[PDB]
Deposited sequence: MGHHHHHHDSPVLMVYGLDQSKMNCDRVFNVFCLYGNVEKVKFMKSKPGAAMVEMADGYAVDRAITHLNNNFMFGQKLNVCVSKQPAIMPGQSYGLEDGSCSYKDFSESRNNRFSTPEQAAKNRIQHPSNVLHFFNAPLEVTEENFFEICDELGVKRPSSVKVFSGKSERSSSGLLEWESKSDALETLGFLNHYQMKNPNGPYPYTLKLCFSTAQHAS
């Protein structure tokens, strides 16, 4: 027999101080639609993540298992529990909600076949591809954001000459993955529009920025 089918992942090795539901979404949304994230008081460093389907679970396991974040190995496994019930929510170490439902997030990337086709699913690398940044974005903007978030500045930034896109490179895969968790969907001032830009990040297969 094979593993019992399930749209729910168990992730172990999350940093108890630094991770929260939104930051988990920030990593896992690269691999499929994220429906729910649940931290459990009884299970330190672990979260259940419900994806849209079993295929998204397969993608997340294939790509994120055995990667490292904040000096810890991430272990991404199929959950024997195939649905998440909220239970009694609590505050995480940062005070944020232990449970979040992302089913209605505008930041899910695989909600339609046309949208899904514009995503490339790749392994974690030391290079992030950014999209939906302001037109006049510079390396300096990224440095300040990283400084303010308390994450490592990228060692190299390329802004490709609506919005800007480009590449952000760190010295290590762990640095980029940590920053992905913090920086994905960061809100940037729009000097010429009604809403700010939601910065969108993906992994790149480009060797360098």
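- Where C-alpha coordinates are absent, the deposited sequence of this PDB chain has the segments 1-4, 166-169, 218.
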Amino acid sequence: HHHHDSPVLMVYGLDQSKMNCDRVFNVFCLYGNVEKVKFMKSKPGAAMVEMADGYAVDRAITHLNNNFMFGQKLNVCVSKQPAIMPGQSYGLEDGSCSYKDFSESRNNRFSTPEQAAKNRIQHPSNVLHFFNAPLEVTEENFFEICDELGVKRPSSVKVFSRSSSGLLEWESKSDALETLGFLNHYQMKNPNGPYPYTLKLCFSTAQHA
From here on, numbers count along this sequence of modelled residues.
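- Once the C-alpha B-factors are averaged per stretch, 140-148 and 34-42 rank with 140-148 first.
- When the two stretches 113-121 and 91-99 are set side by side, the higher mean Cα temperature factor goes to 113-121.
- Taking the PDB entry at face value, the top CA B factor among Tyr186, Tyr195, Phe25, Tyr12 belongs to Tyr195.
- Comparing the C-alpha B-factors of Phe182, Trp170, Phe160, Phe68 in the entry, the top value falls on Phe160.
- In the PDB entry, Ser155 places in the highest third of its chain by CA B-factor.
- In the PDB entry, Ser17 places in the middle third of its chain by CA B-factor.
- Per the deposited record, the Cα B-factor of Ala133 falls in the middle third when ranked against the other modelled residues of its chain.
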